[PDB]
There are 4 protein chains.
Amino acid sequence: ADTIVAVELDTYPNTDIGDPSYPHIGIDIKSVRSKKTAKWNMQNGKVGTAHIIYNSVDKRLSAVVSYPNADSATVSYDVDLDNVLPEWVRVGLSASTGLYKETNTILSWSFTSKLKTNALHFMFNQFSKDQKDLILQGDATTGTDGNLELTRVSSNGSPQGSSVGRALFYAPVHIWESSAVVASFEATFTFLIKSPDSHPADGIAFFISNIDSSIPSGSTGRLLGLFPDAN
Amino acid sequence: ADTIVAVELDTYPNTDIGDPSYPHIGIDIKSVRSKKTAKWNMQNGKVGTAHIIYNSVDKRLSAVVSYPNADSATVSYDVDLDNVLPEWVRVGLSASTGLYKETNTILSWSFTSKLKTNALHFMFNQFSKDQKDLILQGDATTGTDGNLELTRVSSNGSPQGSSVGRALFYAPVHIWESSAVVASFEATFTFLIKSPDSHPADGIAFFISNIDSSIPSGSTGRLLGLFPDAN
Amino acid sequence: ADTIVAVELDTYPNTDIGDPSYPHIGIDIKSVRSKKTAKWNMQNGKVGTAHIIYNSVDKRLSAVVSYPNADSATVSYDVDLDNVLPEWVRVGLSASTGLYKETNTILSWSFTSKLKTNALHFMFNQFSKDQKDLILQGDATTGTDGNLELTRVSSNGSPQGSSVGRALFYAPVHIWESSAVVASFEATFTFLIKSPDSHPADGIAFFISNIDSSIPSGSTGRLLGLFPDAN
Amino acid sequence: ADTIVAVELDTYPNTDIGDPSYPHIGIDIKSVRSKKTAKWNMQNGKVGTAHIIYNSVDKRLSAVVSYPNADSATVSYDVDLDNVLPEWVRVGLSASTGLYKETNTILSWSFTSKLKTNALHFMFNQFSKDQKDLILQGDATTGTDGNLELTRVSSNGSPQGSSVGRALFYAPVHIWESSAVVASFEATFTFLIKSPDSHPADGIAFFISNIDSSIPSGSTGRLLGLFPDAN
Ligand SMILES: CO[C@H]1O[C@H](CO[C@H]2O[C@H](CO)[C@@H](O)[C@H](O)[C@@H]2O)[C@@H](O)[C@H](O[C@H]2O[C@H](CO)[C@@H](O)[C@H](O)[C@@H]2O)[C@@H]1O
Ligand SMILES: CO[C@H]1O[C@H](CO[C@H]2O[C@H](CO)[C@@H](O)[C@H](O)[C@@H]2O)[C@@H](O)[C@H](O[C@H]2O[C@H](CO)[C@@H](O)[C@H](O)[C@@H]2O)[C@@H]1O
Ligand SMILES: CO[C@H]1O[C@H](CO[C@H]2O[C@H](CO)[C@@H](O)[C@H](O)[C@@H]2O)[C@@H](O)[C@H](O[C@H]2O[C@H](CO)[C@@H](O)[C@H](O)[C@@H]2O)[C@@H]1O
Ligand SMILES: CO[C@H]1O[C@H](CO[C@H]2O[C@H](CO)[C@@H](O)[C@H](O)[C@@H]2O)[C@@H](O)[C@H](O[C@H]2O[C@H](CO)[C@@H](O)[C@H](O)[C@@H]2O)[C@@H]1O
Ligand SMILES: [Ca+2]
Ligand SMILES: [Ca+2]
Ligand SMILES: [Ca+2]
Ligand SMILES: [Ca+2]
Ligand SMILES: [Mn+2]
Ligand SMILES: [Mn+2]
Ligand SMILES: [Mn+2]
Ligand SMILES: [Mn+2]
């Protein structure tokens, strides 16, 4: 199927498919079962920020999630993306809900990639009704307050369960190329995860996939709209 | 048909369709008959550089073409692109040949656009065999020495007449949006125009069009792959 | 004395020294008597934004001042800065008060300059207690809420009259150099002008000066901390 | 004395002060005795490129040196710069010669730093006769062919032994600040190390120091103009 490398912000622990007993951030390499995780003290109702970075020198993929005036969670995983992903990929954001729900509102998102001396950079400090440079999939919608809502949110502002949505940047990104000395990318997005129930689910993720990636069927809930199964 | 705003580097004067009696650079607003031109001392065989810029404050579109150790040609034209182009556009390079020919080799190309924020930036300091973020049209080919050849070039390196090709960046660009204080873009490309014959033709152009723009039929020669007619 | 090119946001009209009968923005070229002005509907108590831009192609200096949900004021003036300013300059913000006062709080400030390719860029989305890359002059202070206060503000938050202060970026900026095809800069700052009295004064200005520029004596009030006299 | 963090490109091995038996690149943390080194196949007469990077997420300082069509050398070292360097620093390039010599020509140099936001970026694709934003120390000179010569070179283009020179960017750089989630910098320079003799010396280095750093006395040769001794 698709080849997926993602940084997940997993709000709901699915101990049955290998998740730790608490909300966590993790690094997924072609599997929803994080290669590396870290505890994450999710703050329902507050706007968070996630910074992801990778560079060909270290070949280490790192992420840092933080809320203002609170400690951050950080997770890093050694991975050579040339052996994982194909040269050209698409980058995006994904999110799901299941029995439990939460809003998966993205307030902004940026990305920069350099293959050294080619570069790509985009920034969305706001989202429009018809964001033509975003390929929306699933329940994802834009213009919803100038925000990007990855999963279903009803008029009253409430999140719906069993929802899945993604947003991919329109242009393919040349993630690697052997003749390059330094290949690198970084991404950043602010989000607003808010759930009326005691247990929010399921999470948000930044991912890099094959250019023709699409939401696997049934990947609501714990699969975060990324994987076809829990393998 | 398409809505075209372009900066042309016209190597061959077509006095019959309004061109001055010498190679020139010009500003085309929905017409191949430049709204404003400037004499251009084209240097056959040498790599040139073109810088184009527009900003919503001045609403002036300027371009500057130069060769090392030589003077530069400059042309500017007052235009409010909100009344000319649609909000979302695609940006690209185009080129043609006719009876007379020349190579229309692009060695690099970059573009940056900002709608104040929201930004887009790309840089091609080299072109690969399959540049997936470029939509090639006509005789345009990549990987041809790490270069982008807009028009036909045979094995021996010779240009072919009656050729037309374009290259558009894959993602749509939000060129304007009323709620913005400052909308602006700039582009830069280096090129290599070389022709074995005494009179090279026909030229190169940076253009901004409707997202679904394609080479008008028969637009080889003097139409620079931009316009359906000489109106 | 000093060579000054500035974009002023004049909150108090000094009809005696050539000011129009209303708050206005203007372009000052070695004179406090604006070469070009434009009416400005200053909003006491609200955070404004100013965008300034210049490029060697047009040789036009433009500025745009705006408040959210309000129309903007724009002023442009044709000027070849190579004949006005020296190659190397320093850039900064300045402000004053006289009989009447107002807070001249700068909340952020950025600048980018390119001589093409050499470039300089800095951004202050916040100011620290000891901002070592800023040369503060006069009553200017930093750390004052993470903000830069150009003129005196007392504990209770009230502005003091007869105050003058400036803030210059530490490094000299190569504003021009004949061997360059395109020389250009742009600057942006957000401010908070608030005055308890019915008539706020005197204004804020972005300026470019000789590297060793300092506040002329007595330049409080209408001289905006830029000029030694009203000539 | 000064606090120094540098990435050295050591062309001459000093086995007596802890150097491996071959030219190497290394990471120096307040000591000329590299915390981590890597073999470097220096190419006399060819222009090389060095990329250095650090980010607060990984807290790993990496460097990659490469010559076209040749393998690159890479060295990384885990270090938390908040415990090593002071908040505000100056960044620069340094170089020396001793009994043996070589040219230490820098053809270009760029640097970018971000504390998140707040940012600093500069680029020198060429150096002028009087580069006012560069603080030159020792035998360092600019305008020397549009290049920056860190150590003595004589009209005929020959390098002189026992030479030492540095070039620091004029403005202080806010390297760290506790209230920041992500602090990071990167630097890049191309160089031309050419020596007429059989055993070139001594090397070039990118360094970060206390703002008031200056070449320690006698630091020619193996001390690379960075350290007062070999401890
Ligand atoms: C029958 O229980 C199984 O399904 C429960 C609901 O599953 C769906 O809803 C959850 C939350 O909205 C979502 O994450 C899933 O992907 C589905 O969309 C689920 O709650 C339950 O898990 C619970 O029990 C297991 C062990 O059985 C634990 O590992 C979990 O952490 C929960 O305690 C299970 O999947
Ligand atoms: C018979 O001459 C007419 O056609 C000539 C060839 O035209 C083709 O080639 C040119 C150049 O490659 C291309 O631009 C055209 O679109 C065709 O593909 C052409 O050379 C010629 O132009 C010249 O003659 C007219 C009339 O004097 C002048 O106005 C021009 O300046 C040229 O001198 C003409 O169109
Ligand atoms: C009539 O008094 C003169 O001086 C007044 C005080 O000037 C000082 O304070 C103002 C306001 O802060 C400042 O701009 C000056 O530089 C001094 O620091 C001044 O208020 C007054 O100006 C007003 O009156 C004249 C004539 O009526 C008008 O031309 C102006 O527009 C003002 O209405 C005057 O210069
Ligand atoms: C007297 O020998 C000692 O100094 C020699 C010269 O030192 C000067 O020159 C070198 C290179 O230009 C420079 O790095 C020094 O700082 C001085 O400027 C030096 O050659 C010699 O070293 C010898 O021993 C070491 C063993 O570690 C070898 O690596 C060297 O190649 C020499 O064999 C010594 O320090
Ligand atoms: Ca889960
Ligand atoms: Ca023509
Ligand atoms: Ca005034
Ligand atoms: Ca050595
Ligand atoms: Mn998980
Ligand atoms: Mn023409
Ligand atoms: Mn005025
Ligand atoms: Mn060493």
Side-chain angles (χ1 to χ4, degrees), chain A residues 7 25 27 36 38 40 43 46-80 108 110 112-119 121 123 125 178-191 206, chain D residues 7 25 27 36 38 40-41 46-80 82 107-108 110 112-117 119 121 123 125 178-190 206:
Chain A
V7 167
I25 57 178
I27 292 182
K36 189 95 173 304
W40 174 39
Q43 282 175 235
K46 310 310 172 207
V47 168
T49 291
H51 301 283
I52 294 95
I53 46 192
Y54 175 82
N55 72 68
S56 69
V57 190
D58 299 330
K59 288 186 179 303
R60 209 180 180 196
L61 179 60
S62 292
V64 192
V65 185
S66 58
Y67 286 92
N69 305 122
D71 296 35
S72 49
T74 301
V75 65
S76 302
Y77 186 72
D78 261 285
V79 64
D80 184 338
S108 67
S110 61
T112 303
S113 188
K114 297 178 179 177
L115 211 55
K116 315 176 172 186
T117 334
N118 290 5
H121 168 76
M123 164 168 267
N125 267 350
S178 348
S179 46
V181 187
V182 176
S184 60
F185 67 80
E186 63 161 302
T188 301
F189 63 89
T190 56
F191 52 91
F206 163 79
Chain D
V7 167
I25 59 178
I27 292 183
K36 188 94 173 304
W40 173 40
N41 297 116
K46 310 310 172 206
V47 169
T49 292
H51 300 284
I52 293 93
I53 46 193
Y54 175 82
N55 72 67
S56 68
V57 189
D58 298 331
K59 287 188 179 302
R60 208 180 183 198
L61 178 63
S62 296
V64 191
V65 186
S66 57
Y67 284 93
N69 303 124
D71 295 38
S72 51
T74 301
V75 66
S76 305
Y77 184 74
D78 261 285
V79 64
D80 184 337
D82 324 347
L107 289 61
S108 66
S110 63
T112 305
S113 189
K114 295 179 179 177
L115 211 56
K116 47 183 176 176
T117 334
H121 167 78
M123 162 169 267
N125 266 351
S178 351
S179 47
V181 187
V182 176
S184 61
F185 68 78
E186 63 161 302
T188 302
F189 62 90
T190 57
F206 162 81

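Chain naming here is simple, since letters A, B, ... match the order of the sequence lines and numbering starts at 1 in each.
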>> Just checking A/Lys46: does its NZ atom have more than 12 heavy atoms from other residues, nucleotides or ligands closer to it than 6.0 angstrom?
In response: no

> Side chains of A/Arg60 and D/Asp58: closer than 4.5 Å at any heavy-atom pair?
Replying inline: yes

> Does any heavy atom of chain D fall under 4.5 Å from the side chain of A/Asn55, the backbone, both, or neither of them?
Replying inline: side chain

> When rounded to the nearest 0.5 angstrom, what distance separates NZ in A/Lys116 from OG in D/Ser66?
Replying inline: 10.5 Å

> Does the side chain of D/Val181 reach to within under 4.5 Å of the side chain of A/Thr49, using non-hydrogen atoms?
Replying inline: no

>> Is A/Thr188 close to chain D through its backbone or its side chain, or both, or neither, when contacts mean heavy atoms under 4.5 Å?
In response: side chain

> Looking at D/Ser76, D/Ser62, D/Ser179, which makes the most heavy-atom pairs under 4.5 Å with chain A?
Replying inline: D/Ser62

> Between atom NZ of A/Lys114 and atom CD of D/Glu186, what is the distance when rounded to the nearest 0.5 Å?
Replying inline: 5.0 Å

